[PDB]
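The structure appears right after this line, and notes come after that.
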Amino acid sequence: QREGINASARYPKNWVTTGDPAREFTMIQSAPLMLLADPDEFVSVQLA
Amino acid sequence: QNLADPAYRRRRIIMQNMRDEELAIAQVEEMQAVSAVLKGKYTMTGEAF
Amino acid sequence: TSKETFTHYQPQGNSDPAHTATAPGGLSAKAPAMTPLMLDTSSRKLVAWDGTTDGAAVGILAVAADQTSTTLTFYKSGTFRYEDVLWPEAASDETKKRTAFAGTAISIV
Amino acid sequence: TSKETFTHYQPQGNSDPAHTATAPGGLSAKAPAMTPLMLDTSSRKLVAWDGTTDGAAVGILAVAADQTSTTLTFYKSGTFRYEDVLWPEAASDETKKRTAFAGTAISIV
Amino acid sequence: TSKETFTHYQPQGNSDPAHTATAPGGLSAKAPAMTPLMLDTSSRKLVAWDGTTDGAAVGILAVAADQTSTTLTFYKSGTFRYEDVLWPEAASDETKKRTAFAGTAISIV
């Protein structure tokens, strides 16, 4: 929201926590929604 | 024979991690398509999801 | 037509951090999120909080689960609004309801 | 003439966060702020922690309160100095005086 | 010939913060760093966690210490992994070992 970048493929980010633990972190986020318009276009034959 | 900066070592750890998340994400990216055009039925289910 | 009252998504009542933990669940029926918890009497396995066992609240559920779910995630820290909590029916007295989490970091705000 | 000591305010001991929470209180007299508290036995209503009931220390008040104070604000996280917090004299044994807060996230540093 | 697998050490289980504190301890033998502990039932003195009583594990150590160590530095928040933490053989049923830190910000992953 702060960059208005909710709509994207992926999302990199880096940050760090303060206090006597000096620890950075890296963070990646995305919402994979892979779909197919014609589901019956393909026939999944389980060969035997 | 030739050591280096732990700080630069920190950078290399950072970049290898970067490649790690990229590969991990792309791996589920293929998994989604595998389920999709392998069954036409799919379950996006995991812990904390 | 009809009324359209919609509310935002912030159950938090304070800027205090909220922390979660995962533990194997032993439910007997479906339990949606924000459901309190007990440990059993003998196996002390995870079940939903009854509302009658004093001090037995051990966690508040994070995501919806059921008896099929072997393990569950539950919030463990911070303060949350009373209005958003799904209190059990046996928890009939608010005077004893507010301090169900006595001795724990989960708090009602 | 006469010299006076102007000293800073350092109740904390380390950079750990300090969190507050509210719950209705059932005091028996005036209770100054930053005071140990337990719950009762029958209704487990909020009261000041006596100093003799082991394992009952669960909270440290935030604002001074009384009979008219229906509710209490109290600190739930962090570590605070040994010296600064005022305890009942019934807590007469020092070794259990440190360990009164067993199981709690609030600590004595 | 020789294999020295350069592996890392990540006792922290999740990015949630871990808090530390100190308190006098009454151990009976050497206690390896980051080891579960209880409070005594007689004098309420810091003791080693037996692994037999459920829900009495209250703290995890920070630095190496022995029974000679009068005071102990121990962690009281955060999440840590299944693997890195050391358990006595007394705690044998693993699902029981899951809920040793129930009610505490110290959490198992």
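Just remember, in the structure tokens the first chain shown is A, the second B, etc., residues are 1-based per chain, and ligands are 1-based in the order shown.
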
_If the cut-off is 7 Å, can you tell me the residues of chain E near chain D, counting only C-alpha atoms? I'd like them as a list in words._
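Taking only C-alpha atoms into account, residues 21, 22, 43, 44, 45, 58, 76 and 104 of chain E sit within 7 Å of chain D.
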
_Residues near residue 41 of chain A, anyone? I mean within 12 Å using only C-alpha atoms, not counting same-chain ones fewer than 6 positions away, as number ranges by chain._
B: 36-40

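Using only C-alpha atoms, one finds that the residues of chain A close to chain E, at 12 Å or less, are residues 15, 16, 17, 18, 19, 20, 21, 22, 23, 24, 25, 26 and 27 of chain A.
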
Go ahead and dump the residues you just picked, N, CA and C atoms, as a PDB file, in the first residue's frame.
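See again18.pdb below for the written result:
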```pdb
ATOM      1  N   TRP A  15      15.048  -5.435   5.213  1.00  0.00           N
ATOM      2  CA  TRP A  15      14.779  -4.691   6.436  1.00  0.00           C
ATOM      3  C   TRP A  15      15.660  -5.247   7.543  1.00  0.00           C
ATOM      4  N   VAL A  16      15.523  -4.676   8.735  1.00  0.00           N
ATOM      5  CA  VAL A  16      16.412  -5.010   9.845  1.00  0.00           C
ATOM      6  C   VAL A  16      15.709  -4.691  11.157  1.00  0.00           C
ATOM      7  N   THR A  17      15.933  -5.539  12.157  1.00  0.00           N
ATOM      8  CA  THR A  17      15.414  -5.318  13.498  1.00  0.00           C
ATOM      9  C   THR A  17      16.483  -4.682  14.379  1.00  0.00           C
ATOM     10  N   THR A  18      16.057  -3.730  15.205  1.00  0.00           N
ATOM     11  CA  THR A  18      16.968  -3.002  16.080  1.00  0.00           C
ATOM     12  C   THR A  18      17.110  -3.737  17.412  1.00  0.00           C
ATOM     13  N   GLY A  19      17.668  -3.053  18.406  1.00  0.00           N
ATOM     14  CA  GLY A  19      17.968  -3.661  19.684  1.00  0.00           C
ATOM     15  C   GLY A  19      19.334  -4.324  19.692  1.00  0.00           C
ATOM     16  N   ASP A  20      19.666  -4.936  20.833  1.00  0.00           N
ATOM     17  CA  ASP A  20      20.948  -5.632  20.893  1.00  0.00           C
ATOM     18  C   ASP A  20      21.058  -6.808  19.914  1.00  0.00           C
ATOM     19  N   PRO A  21      19.957  -7.414  19.373  1.00  0.00           N
ATOM     20  CA  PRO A  21      20.158  -8.280  18.205  1.00  0.00           C
ATOM     21  C   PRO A  21      20.236  -7.438  16.941  1.00  0.00           C
ATOM     22  N   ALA A  22      21.405  -7.429  16.312  1.00  0.00           N
ATOM     23  CA  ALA A  22      21.590  -6.742  15.044  1.00  0.00           C
ATOM     24  C   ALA A  22      21.361  -7.727  13.908  1.00  0.00           C
ATOM     25  N   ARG A  23      20.123  -7.782  13.421  1.00  0.00           N
ATOM     26  CA  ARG A  23      19.738  -8.807  12.463  1.00  0.00           C
ATOM     27  C   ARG A  23      18.926  -8.190  11.336  1.00  0.00           C
ATOM     28  N   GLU A  24      19.450  -8.298  10.122  1.00  0.00           N
ATOM     29  CA  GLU A  24      18.689  -7.952   8.936  1.00  0.00           C
ATOM     30  C   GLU A  24      17.921  -9.176   8.446  1.00  0.00           C
ATOM     31  N   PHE A  25      17.003  -8.931   7.520  1.00  0.00           N
ATOM     32  CA  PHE A  25      16.163  -9.968   6.948  1.00  0.00           C
ATOM     33  C   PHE A  25      15.859  -9.591   5.509  1.00  0.00           C
ATOM     34  N   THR A  26      15.601 -10.606   4.691  1.00  0.00           N
ATOM     35  CA  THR A  26      15.166 -10.369   3.325  1.00  0.00           C
ATOM     36  C   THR A  26      13.841 -11.080   3.128  1.00  0.00           C
ATOM     37  N   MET A  27      12.984 -10.501   2.300  1.00  0.00           N
ATOM     38  CA  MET A  27      11.590 -10.887   2.251  1.00  0.00           C
ATOM     39  C   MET A  27      11.109 -10.802   0.813  1.00  0.00           C
TER      40      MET A  27
END
```

*Dump as a list in words the residues of chain B that approach chain C to within 12 Å, counting only C-alpha atoms.*
residues 45, 46, 47, 48 and 49 of chain B

Please dump the current selection as a PDB file, in the first residue's frame; keep N, CA, C and O atoms.
```
ATOM      1  N   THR B  45      -2.869 -25.793  -0.604  1.00  0.00           N
ATOM      2  CA  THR B  45      -3.004 -26.015   0.824  1.00  0.00           C
ATOM      3  C   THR B  45      -1.647 -26.268   1.467  1.00  0.00           C
ATOM      4  O   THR B  45      -0.837 -27.058   0.975  1.00  0.00           O
ATOM      5  N   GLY B  46      -1.412 -25.575   2.571  1.00  0.00           N
ATOM      6  CA  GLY B  46      -0.204 -25.768   3.349  1.00  0.00           C
ATOM      7  C   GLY B  46      -0.391 -25.150   4.714  1.00  0.00           C
ATOM      8  O   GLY B  46      -1.392 -24.482   4.985  1.00  0.00           O
ATOM      9  N   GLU B  47       0.583 -25.387   5.582  1.00  0.00           N
ATOM     10  CA  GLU B  47       0.494 -24.826   6.922  1.00  0.00           C
ATOM     11  C   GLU B  47       0.508 -23.306   6.849  1.00  0.00           C
ATOM     12  O   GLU B  47       1.168 -22.714   5.990  1.00  0.00           O
ATOM     13  N   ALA B  48      -0.248 -22.678   7.752  1.00  0.00           N
ATOM     14  CA  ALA B  48      -0.464 -21.232   7.736  1.00  0.00           C
ATOM     15  C   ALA B  48      -1.037 -20.781   6.395  1.00  0.00           C
ATOM     16  O   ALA B  48      -0.750 -19.686   5.911  1.00  0.00           O
ATOM     17  N   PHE B  49      -1.842 -21.646   5.784  1.00  0.00           N
ATOM     18  CA  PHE B  49      -2.542 -21.308   4.547  1.00  0.00           C
ATOM     19  C   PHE B  49      -3.743 -22.227   4.421  1.00  0.00           C
ATOM     20  O   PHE B  49      -3.580 -23.416   4.133  1.00  0.00           O
TER      21      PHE B  49
END
```

*With a cut-off of 10 Å and counting only C-alpha atoms, select all residues of chain B in contact with chain A and give the selection as a list in words.*
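Therefore, the residues near the partner are residues 14, 17, 18, 21, 22, 25, 26, 28, 29, 30, 31, 32, 33, 35, 36, 37, 38, 39, 40, 41 and 44 of chain B.
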
*asked:* For the full set of C-alpha atoms taken in order, report to one decimal the RMSD after fitting chain E onto chain C.
replied: 0.8 Å

*Name the residues of chain E that fall into strand (DSSP E or B) according to DSSP on the backbone, using the chain letters and numbers of this document, as JSON, numbers by chain.*
{"E": [12, 20, 21, 22, 23, 24, 25, 31, 36, 37, 38, 39, 46, 47, 48, 59, 60, 61, 65, 71, 72, 73, 74, 75, 78, 79, 80, 106, 107, 108]}

Hey, can you spit out that residue selection with N, CA and C atoms as a short mmCIF file (atom, residue, chain, number, x, y, z; two decimals), in the first residue's frame?
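Saved to selection_24.cif:
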```cif
data_model
loop_
_atom_site.label_atom_id
_atom_site.label_comp_id
_atom_site.auth_asym_id
_atom_site.auth_seq_id
_atom_site.Cartn_x
_atom_site.Cartn_y
_atom_site.Cartn_z
N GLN E 12 17.72 -19.71 16.29
CA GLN E 12 16.48 -18.98 16.13
C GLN E 12 15.59 -19.66 15.09
N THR E 20 15.94 -11.80 26.73
CA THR E 20 16.83 -12.41 27.70
C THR E 20 16.62 -11.78 29.07
N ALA E 21 17.03 -12.51 30.10
CA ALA E 21 16.91 -12.07 31.49
C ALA E 21 17.90 -12.88 32.32
N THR E 22 18.01 -12.51 33.59
CA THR E 22 18.92 -13.16 34.52
C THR E 22 18.22 -13.42 35.85
N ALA E 23 18.59 -14.52 36.50
CA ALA E 23 18.04 -14.82 37.82
C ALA E 23 18.92 -15.85 38.51
N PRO E 24 19.02 -15.80 39.83
CA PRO E 24 19.87 -16.77 40.54
C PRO E 24 19.39 -18.20 40.34
N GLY E 25 20.34 -19.11 40.22
CA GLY E 25 20.04 -20.49 39.89
C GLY E 25 20.63 -21.46 40.89
N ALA E 31 25.13 -27.57 33.31
CA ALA E 31 23.98 -27.33 32.44
C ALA E 31 24.49 -26.74 31.13
N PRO E 36 16.56 -26.40 28.81
CA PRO E 36 15.32 -26.11 29.54
C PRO E 36 15.52 -26.19 31.04
N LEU E 37 14.72 -25.38 31.75
CA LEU E 37 14.83 -25.25 33.19
C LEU E 37 13.46 -25.05 33.82
N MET E 38 13.37 -25.32 35.12
CA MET E 38 12.16 -25.13 35.90
C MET E 38 12.46 -24.26 37.12
N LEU E 39 11.41 -24.04 37.91
CA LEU E 39 11.54 -23.39 39.20
C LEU E 39 11.29 -24.44 40.28
N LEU E 46 15.91 -21.69 40.87
CA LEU E 46 16.05 -22.16 39.50
C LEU E 46 16.69 -23.54 39.48
N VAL E 47 16.04 -24.49 38.80
CA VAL E 47 16.50 -25.87 38.73
C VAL E 47 16.45 -26.31 37.27
N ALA E 48 17.06 -27.47 37.00
CA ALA E 48 17.00 -28.03 35.66
C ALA E 48 15.62 -28.62 35.39
N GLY E 59 12.04 -21.84 30.98
CA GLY E 59 13.15 -21.05 30.49
C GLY E 59 14.18 -21.89 29.78
N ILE E 60 14.93 -21.22 28.91
CA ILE E 60 16.00 -21.81 28.12
C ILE E 60 17.26 -20.99 28.36
N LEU E 61 18.40 -21.67 28.50
CA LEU E 61 19.63 -21.00 28.91
C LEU E 61 20.20 -20.18 27.75
N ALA E 65 27.00 -22.89 31.78
CA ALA E 65 26.98 -22.71 33.22
C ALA E 65 26.93 -24.08 33.88
N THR E 71 23.97 -17.47 39.40
CA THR E 71 22.98 -16.78 38.58
C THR E 71 23.06 -17.30 37.15
N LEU E 72 21.93 -17.26 36.46
CA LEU E 72 21.79 -17.80 35.11
C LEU E 72 21.24 -16.73 34.18
N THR E 73 21.78 -16.70 32.96
CA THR E 73 21.32 -15.83 31.88
C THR E 73 20.53 -16.69 30.90
N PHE E 74 19.25 -16.36 30.69
CA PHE E 74 18.31 -17.23 30.00
C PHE E 74 17.37 -16.46 29.09
N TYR E 75 16.89 -17.13 28.05
CA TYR E 75 16.01 -16.50 27.08
C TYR E 75 14.54 -16.76 27.43
N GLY E 78 10.60 -15.55 21.75
CA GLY E 78 11.02 -15.93 20.41
C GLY E 78 10.60 -17.34 20.05
N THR E 79 11.04 -17.75 18.86
CA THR E 79 10.76 -19.08 18.33
C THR E 79 12.07 -19.75 17.98
N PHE E 80 12.19 -21.03 18.32
CA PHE E 80 13.40 -21.78 18.02
C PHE E 80 13.03 -23.12 17.42
N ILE E 106 8.25 -18.13 24.39
CA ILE E 106 9.16 -19.15 23.88
C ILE E 106 8.33 -20.19 23.15
N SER E 107 8.65 -20.42 21.88
CA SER E 107 7.81 -21.24 21.03
C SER E 107 8.65 -22.18 20.18
N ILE E 108 7.99 -23.25 19.74
CA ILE E 108 8.59 -24.39 19.08
C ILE E 108 8.27 -24.32 17.60
#
```

*Between atom CA of residue 31 of chain A and atom CA of residue 9 of chain A, what is the distance, to one decimal in Å?*
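Distance reported for this atom pair: 7.7 Å.
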
*Point-to-point distance in Å for atom CA of residue 7 of chain E and atom CA of residue 34 of chain E*: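 Interatomic distance here is 19.4 Å.
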
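Interatomic distance, atom CA of residue 30 of chain C against atom CA of residue 68 of chain C: 8.3 Å.
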